[PDB]
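To start, the structure under review is shown below, and the notes come after it.
Note that ligands are numbered from 1 as they come in the structure, with each ligand's atoms numbered from 1 the same way. Lettering follows sequence order; numbering is per chain, from 1.
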Amino acid sequence: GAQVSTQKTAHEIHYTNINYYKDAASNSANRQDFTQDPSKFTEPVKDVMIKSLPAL
Amino acid sequence: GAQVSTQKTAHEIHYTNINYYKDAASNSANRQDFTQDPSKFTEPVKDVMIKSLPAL
Amino acid sequence: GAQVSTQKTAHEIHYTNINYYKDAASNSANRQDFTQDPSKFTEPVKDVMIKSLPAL
Amino acid sequence: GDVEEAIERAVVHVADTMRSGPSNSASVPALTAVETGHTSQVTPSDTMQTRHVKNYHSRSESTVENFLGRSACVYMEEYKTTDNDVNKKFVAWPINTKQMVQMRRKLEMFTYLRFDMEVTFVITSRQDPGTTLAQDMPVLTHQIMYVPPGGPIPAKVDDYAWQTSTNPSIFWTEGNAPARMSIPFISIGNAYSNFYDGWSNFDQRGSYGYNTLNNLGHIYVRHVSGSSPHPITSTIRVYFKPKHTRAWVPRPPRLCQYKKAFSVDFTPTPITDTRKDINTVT
Amino acid sequence: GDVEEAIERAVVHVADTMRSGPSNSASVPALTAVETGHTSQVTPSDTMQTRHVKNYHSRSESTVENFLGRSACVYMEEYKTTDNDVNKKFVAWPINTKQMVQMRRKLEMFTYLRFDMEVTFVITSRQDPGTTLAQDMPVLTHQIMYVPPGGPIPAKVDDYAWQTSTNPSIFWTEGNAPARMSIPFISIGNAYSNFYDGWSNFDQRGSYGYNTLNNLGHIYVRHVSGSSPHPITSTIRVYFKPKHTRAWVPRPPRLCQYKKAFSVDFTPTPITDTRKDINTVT
Amino acid sequence: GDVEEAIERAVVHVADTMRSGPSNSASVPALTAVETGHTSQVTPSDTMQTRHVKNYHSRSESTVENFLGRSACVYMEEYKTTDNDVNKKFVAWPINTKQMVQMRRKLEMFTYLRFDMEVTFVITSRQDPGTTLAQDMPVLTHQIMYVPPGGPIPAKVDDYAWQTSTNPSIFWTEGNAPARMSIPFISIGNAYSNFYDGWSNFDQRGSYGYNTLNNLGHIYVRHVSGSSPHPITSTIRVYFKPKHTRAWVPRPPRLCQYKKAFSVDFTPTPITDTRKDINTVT
Amino acid sequence: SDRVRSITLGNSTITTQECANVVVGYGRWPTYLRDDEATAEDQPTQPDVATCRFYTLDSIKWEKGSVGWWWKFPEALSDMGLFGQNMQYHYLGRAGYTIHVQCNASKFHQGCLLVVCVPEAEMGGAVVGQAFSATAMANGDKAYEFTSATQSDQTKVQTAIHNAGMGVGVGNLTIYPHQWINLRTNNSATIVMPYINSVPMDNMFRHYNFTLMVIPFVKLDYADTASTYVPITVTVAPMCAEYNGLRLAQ
Amino acid sequence: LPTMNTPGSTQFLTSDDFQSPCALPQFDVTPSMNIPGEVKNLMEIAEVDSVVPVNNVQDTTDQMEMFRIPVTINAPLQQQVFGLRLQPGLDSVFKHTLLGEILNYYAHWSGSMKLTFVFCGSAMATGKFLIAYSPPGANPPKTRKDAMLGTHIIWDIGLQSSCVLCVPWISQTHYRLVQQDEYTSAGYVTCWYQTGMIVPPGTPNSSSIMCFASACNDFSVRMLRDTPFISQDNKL
Amino acid sequence: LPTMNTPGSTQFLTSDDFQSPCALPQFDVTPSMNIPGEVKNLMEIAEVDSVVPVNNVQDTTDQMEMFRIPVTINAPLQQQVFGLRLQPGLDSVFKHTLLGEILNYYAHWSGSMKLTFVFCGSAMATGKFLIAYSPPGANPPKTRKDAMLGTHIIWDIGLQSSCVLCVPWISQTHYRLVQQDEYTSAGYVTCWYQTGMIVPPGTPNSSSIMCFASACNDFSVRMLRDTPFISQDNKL
Amino acid sequence: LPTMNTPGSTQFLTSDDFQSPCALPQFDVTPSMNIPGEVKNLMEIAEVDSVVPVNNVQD
Ligand SMILES: CN1CCN(Cc2ccc(NCc3ccc(F)c(F)c3)cc2)CC1
Ligand SMILES: CN1CCN(Cc2ccc(NCc3ccc(F)c(F)c3)cc2)CC1
Ligand SMILES: CN1CCN(Cc2ccc(NCc3ccc(F)c(F)c3)cc2)CC1
């Protein structure tokens, strides 16, 4: 039961991982996630504002 | 001959195991069993009693 | 997820590789590439010259 | 058959709480009768209005497997590399789990047990104080030997018995990881017994108590060939870690302090501590 | 099922720049109103002509997982193998992350955290200076014991409490790799809290601040059985490395120097450094 | 997908030699004109009769990957465990590849480079000579810390900065294998530059040469807690091994001996050695 | 026009004829506790309308020399209508809030205010290594004064404005939910704050959920007018409040 | 096969799970037998009732008195029968009960609790009692009027001699510390006379009550820890 | 199974990723809860505005003055309002801003920046301002005629009280050092009077402006490094 | 898992090829650019002409 995934590298490559312990806390760091969303802190307003239109 | 099973983690993940020795006593602890039944010590009576109904 | 490839040896043979780390910089040296092209430094002229024909 | 894929055990979460509203009826869940020896199965939903709650808590850490699945010291002893007294240069320990208090109390919560054993040895050395200490000695080596009941017992460090041909043994060198082994279930009965309310002889005479069933053997340790110009003292600690455990017939935990390694003798103790009066809550 | 083949996360590159030409219209992207508390989303393409550019830069290294995924010292202490003072032969440290400044400041950028922990121990020894140093001692061994809150606490190096039966422990020998373990999320709440603006007692009295929620336990260390003719001093360093991290409610980084290990007390500090005048740029 | 089976690279052998016979024609392969800056592509088959030969030679060992794929010392330094001078108990080295001559010359055959780095550390210790040497000390431990540009710099062995929370570090103990790590391509530009014919300030003033682009940071090393009754000296050697290399714009190898670690300064040197006369061949 | 806003909670209404948008916490609207996230067993009480309404919390006076003020919640509403009674009679509580801060002045006045809600705004004592009572930081609905100079009295919190009494740069408070009241183009600020905490519920007498701060970044100024000060008023309204654990009154 | 050792090699962790060689190869174990009463989880023990020594009056010459709660025929209209703190792992009352012992091996606990009271008076005696649970607060109740505000049940004594008070799990956190403090308080439990005890002629003037403690089916524990009740100074 | 240890075995690297044994086997973690305001990347913080203390006049008795840029009714036709170097991680102006703090944890940075200016004068006041960004050069601008050559925007004060100047990313290298030097300079930013500020009778003669700094959506950082702003001498 | 170390363990060979941990996890490298004049083998250099100093007359 092995997992194969790509590894970080511009535009110019696989590694295998296996878990040996029965506790999920023993796994290695999952530092491959890159999803993000800044609208929570930058646009917390109630009514959406179009950049082109005047603010008020 | 490898075994794949889930690992403990709320609601937000596999590990591989292989046995190397010919004696079952050498295996790792099987601490993944969670079945339990307390009726043996809490309800040892002969005639089942309904909680809603009076005890006597 | 294992890779199998030939290993250097005249005319008289496989090795397996697996990547364990999540960063491509950790991989081993890829010293199996042998493509080359010297025309960049030896024939940098604009008009191709045929060896048999006179240079000028 | 490169992967078996063991099915999930299915996390067993604790019971949820169901919404309950006002009630007025002849059913009386609260009233019961403990005289039957039956513990009531009421829930908070049966006595006051409650909201719906989903519990994701699990009782994984309370399993007997996990409760007893921790290594614990069971014995420690000292022996010198060189000395005048022959008996002081090696250890001879009859195996038993009653020497150290914490592990004893943990085990004594169940009448019968059945498990595999994992044994680990921690060995350390130190130079004894003295007037002259300047010496050079290579790394030391130690031997651990297990003697099932009835086997020959060495009488000195350099006895012939140390040439084990059937007795399992471990040779270990300082600076490496601690030694380890696995031991299967080696009881003549169907389960280890922590308590034994009986005698040895058929006429109700002789030894009494759990001392009668203790016949697990001995353990001997020595320095292989180290013999320093000046004394060197070493200490060994033994750790037990049950595996694949099953338990039967739970019993109340002990309250009085232990006083003997092969008996239940004790001194009467107060039930618990006291307070100013029945109403004091501060 | 010999290979799962986890799908690619798909490198998320930063936004590109689109070509823009001369404009003359009633739209005014530049003008906005910060009074709304909304940060403007303008781009350079909205105020000057720009060429088309493909950006291959990525924000991989700025993730919270990577930002906090570095081991850092959190505590160091010294203990002697032999000495007159009993309290000086072992360490007793209440667990907390506020002792060392850098790691504290890193953590304090988020109000709430939830992560697994990876702990590593670095142990070193040295012979104390003295008039006579000629001695021979085998390799030393150390024991690390973790005591959850409410458990028994040893009072001396050779106390009975060192016979751990339920408390996890590590036995380590010098010359090998540093010891290591993994610790899951062990908070009673749903997340660790770096700050707590509240009191302990319900009448707004007693302890105040994050000191109230610190109940992680203790760590004890000792030499197993080493007792040298001459003193030997050892030092232990503890390193924490969060894993699988999640963070909430960011807060501005601290500006004033730390002064207490269990309080936010500080001294007023200037906002920043000064320069000759508002126009000086040299 | 248990096996990928990477296709063979197909050994690229050198060109063969084709059989050639007597010729008499207007074609003149031998005659050319170097004024065009074009190197002639003639072969021995074009000027004398030759037999057919199959060449199995390969140019595998001449690839840039293999040419630079060898670890080489780049720096060595000494530091004492205990001494009066604070600055003498630890090392602080600004990273640069110009210190050691051989590796410098190897790199300087290309104008631009782009590669990953593999770093290995070799550490050794020795007891300083003195009148009294009889002492006993456990194994020593060392710490290596990497400080990117702009980070805090320690000023003494026991400074607070040694509590790395973001700066990567390695703790190593003597008697084990040498420490090692991998470093990715960490240049702000698209490739490392060995040479830089330019200035720092925009008015053609200030620092000149490759010293301007050297901003890789520092490396610090110290004994963790070792403090012996008598001085002990340690030495550290740093080895660099490029991986996944690409090179551009080759340049002629250097001829004059190096004289400065951050400049191209040199002294004029003869082109080559001499002989008796133009005809001497003995 | 989007310059006019109207908010109706319970039996109270707020109308502002000149205002900006309404910031909404971290993009999360207040809501009741879900069944799969709760921990307490017994039925909660949800006295909407009776408790979800606007409560004006006294008034301050903005002078040319003002430095700022702060309030701490929910303790500020400790004795305000049925909300206070419910908070007294219950062990656990949970509720979001809607904060509305009014400040109006003529076209000829100038000034700028920063309105910000700081969750878990822990504060340090005036003298390091010295404890203070629960009276120098919250005493009901009364507002507390910041200080331009460094505080010296040991019985009260460090009031140095530029550090915000938290050891952080005052200019960096923008990270928290906030709004600006600029007299040129604004008269009020509205913030909707969801329930933020590390546990589903908590006691409201022992824990200060969040702190409200008003800081004049540009000091008030005017010339040749009969008005000497600009009053400032604060109005709050709990939303989706629910209590649990009925006990005797504290 | 190239390899590199990561940190943590050669360490001995007392809570690890690794395979190790067997010292007695091909050993034949004794066949298993299904002994009655198998236990597979300490919670099964934790849910069994046990008597609570509520009468800790600092003057108990006879130890068995600790289990008996006195009750009298003539008492003021409203009077307190007993009161205690709800600290199952720390308070002296629950410290040594069958439930308390289990918790002391752990650090965190959560869930509801059951308190069962049994009237051991005469058959002709009668009375009513009010039992109330007060969540955490600034001050514990002092009079019945204060107690009756919180969760409570009115207990009537008749043919059924036992009544159960279920203490609900009301807390701000999912878990509570066994070594409880001000932050994680749990409240108080008190009992008061509702009507008083009445007896006919020729009966004893005093009676006794007993209390039983147990955990509900949602109870659970976490973080194993070594208990502090048992200690030794020298090897046995 | 034959094996050989490669160099690097038994070393402790502070930034490694390896599996290790768990010290608390089968531990039950508390259920997760979705607290509002989750953050998954420091850039999300970096894009939030923060006030820039531009008025560092070496004579600020009152600290809060550092945030106010003075403006006067009567000034020469062309006059400079302020000027500063564009060194977000090194210059004292941007050193301690919400953006500057994040960069100081890294060594390389790239991308564009936003500077927002808000006029906090009276409602009756009016004026125009010229804000220009000058790429790196031998000499910074000295007069408006020099400044207007580079990138700039003419700001008109009206109902909309805020204007945004987007500083484009113009550089010879893909990245720039946080510890900036002559080689990797970034240029200057200056503001000048375009028309001047005019006020009617009965208004204050002075006004103030504030500046906000934030990063665009193409901003990024690299090479984590320990910040130099915080230090200690003794264990706390 | 039983194992035995063969000779050569813990040695440092300067021309070995082994994987090692990365000290800067999830580091984002600068995008590649095709600079003119890439060289992939020293022979390419070796085939370029160069002037030979034949007149070594010791004077
Ligand atoms: C009366 N029983 C005896 C067993 N005791 C538990 C027990 C069982 C076996 C052991 N050790 C078995 C063992 C394991 C490994 C050895 F090398 C060895 F010699 C012996 C220790 C404690 C419970 C009470
Ligand atoms: C109030 N919180 C306490 C936790 N602190 C973070 C934290 C959490 C856990 C730890 N260590 C947990 C731990 C890990 C391993 C052990 F062996 C051990 F005893 C304890 C250290 C810091 C943030 C503030
Ligand atoms: C001006 N360039 C600088 C780089 N130099 C090559 C070079 C690049 C990087 C390094 N070392 C990078 C490094 C690798 C590992 C570390 F721990 C560390 F701190 C730094 C050494 C030489 C060529 C000339």
Side-chain angles (χ1 to χ4, degrees), chain D residues 74 93 95-98 103 107-108 113 115 117-119 144 146-148 168 170 181-187 192-196 210-219 238 240 242, chain E residues 74 93 95-98 103 107-108 113 115 117-119 144 146-148 168 170 181-187 192-196 210-219 238 240 242, chain F residues 74 93 95-98 103 107 113 115 117-119 144 146-148 168 170 181-187 192-196 210-219 238 240 242, chain H residues 23-24, chain I residues 23-24, chain J residues 23-24:
Chain D
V74 302
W93 174 59
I95 290 156
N96 72 328
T97 189
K98 313 272 149 189
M103 187 66 204
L107 287 183
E108 277 198 5
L113 293 165
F115 48 69
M117 185 64 72
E118 183 178 1
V119 190
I144 299 92
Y146 170 52
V147 178
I170 285 166
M181 56 165 72
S182 286
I183 290 278
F185 178 61
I186 58 167
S187 185
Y192 296 115
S193 52
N194 296 91
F195 301 88
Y196 174 77
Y210 61 78
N211 175 40
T212 303
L213 283 71
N214 188 59
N215 52 36
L216 294 175
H218 291 68
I219 278 162
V238 191
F240 296 161
Chain E
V74 302
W93 174 59
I95 290 156
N96 72 328
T97 189
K98 313 272 149 189
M103 187 66 204
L107 287 183
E108 277 198 5
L113 293 165
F115 48 69
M117 185 64 72
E118 183 178 1
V119 190
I144 299 92
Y146 170 52
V147 178
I170 285 166
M181 56 165 72
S182 286
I183 290 278
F185 178 61
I186 58 167
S187 185
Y192 296 115
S193 52
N194 296 91
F195 301 88
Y196 174 77
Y210 61 78
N211 175 40
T212 303
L213 283 71
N214 188 59
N215 52 36
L216 294 175
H218 291 68
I219 278 162
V238 191
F240 296 161
Chain F
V74 302
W93 174 59
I95 290 156
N96 72 328
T97 189
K98 313 272 149 189
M103 187 66 204
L107 287 183
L113 293 165
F115 48 69
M117 185 64 72
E118 183 178 1
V119 190
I144 299 92
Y146 170 52
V147 178
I170 285 166
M181 56 165 72
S182 286
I183 290 278
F185 178 61
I186 58 167
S187 185
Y192 296 115
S193 52
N194 296 91
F195 301 88
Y196 174 77
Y210 61 78
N211 175 40
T212 303
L213 283 71
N214 188 59
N215 52 36
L216 294 175
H218 291 68
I219 278 162
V238 191
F240 296 161
Chain H
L24 301 171
Chain I
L24 301 171
Chain J
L24 301 171

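Assignment of F:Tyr210 to the shell around ligand 3 is not supported, since no heavy atom sits closer than 4.0 Å. The closest approach between F:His218 and ligand 3 stays at or above 4.0 Å for every heavy atom of the residue.
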(request) Any chance you could lay out the side-chain contact (heavy atoms from CB on, under 4.5 Å) test for E:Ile186 and E:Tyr192, step after step, and finish with the verdict? (result) CA-CA 9 Å; E:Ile186 58 167; E:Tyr192 296 115; 3.5 Å; yes

(request) In sequence, state the C-alpha distance, the side-chain angles, and the governing distance for D:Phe115 and D:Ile183, and then conclude on side-chain contact (heavy atoms from CB on, under 4.5 Å). (result) CA-CA 9 Å; D:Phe115 48 69; D:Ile183 290 278; over 6 Å; no

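For atom 15 (C) of ligand 2, the choice among E:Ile183, E:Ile170, E:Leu107 with the nearest heavy atom turns out to be E:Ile183. Nearest residue to atom 12 (C) of ligand 3 from F:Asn214, F:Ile186, J:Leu24 is F:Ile186 (criterion: closest heavy atom).
Short contacts between ligand 3 and F:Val119, defined as distances under 4.0 Å to a heavy atom of the residue, involve ligand atoms 14 (C), 15 (C). Counting the atoms of ligand 3 from 1 in the order shown, those under 4.0 Å from a heavy atom of F:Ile95 are 11 (N), 18 (C), 19 (F), 20 (C). In the vicinity of D:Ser193, heavy-atom distances shorter than 4.0 Å reach the ligand 1 atoms 1 (C), 2 (N), 24 (C).
Minimum interatomic distance between E:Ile95 and E:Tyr146 (heavy atoms only, all atoms of both residues): CD1-CE1, 3.6 Å. Nearest approach of F:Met117 to F:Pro242, heavy atoms of both residues: SD-N, 4.2 Å.
Looking only at protein heavy atoms, the nearest one to atom 21 (C) of ligand 3 is F:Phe240 CE1, 3.6 Å. The closest protein non-hydrogen atom to atom 7 (C) of ligand 3 is F:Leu216 CD1, 4.3 Å. The protein non-hydrogen atom at the shortest distance from atom 17 (F) of ligand 2 is E:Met181 SD, 3.6 Å. Scanning all protein heavy atoms for the shortest distance to atom 5 (N) of ligand 2 gives E:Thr97 CG2, 3.7 Å.
Applying the side-chain hydrogen bond (donor to acceptor under 3.5 Å, both in side chains) test to F:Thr97 and every residue at least two apart in sequence or in another chain returns nothing. Taking the side-chain hydrogen bond (donor to acceptor under 3.5 Å, both in side chains) definition, one finds that E:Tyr210 meets it with E:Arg104, sequence neighbours left out.
Contact of the I:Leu24 side chain with the E:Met181 side chain is not registered, since no non-hydrogen atoms from C-beta on lie closer than 4.5 Å. Looking only at side-chain heavy atoms (C-beta outward), F:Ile144 and F:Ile219 come within less than 4.5 Å of each other.
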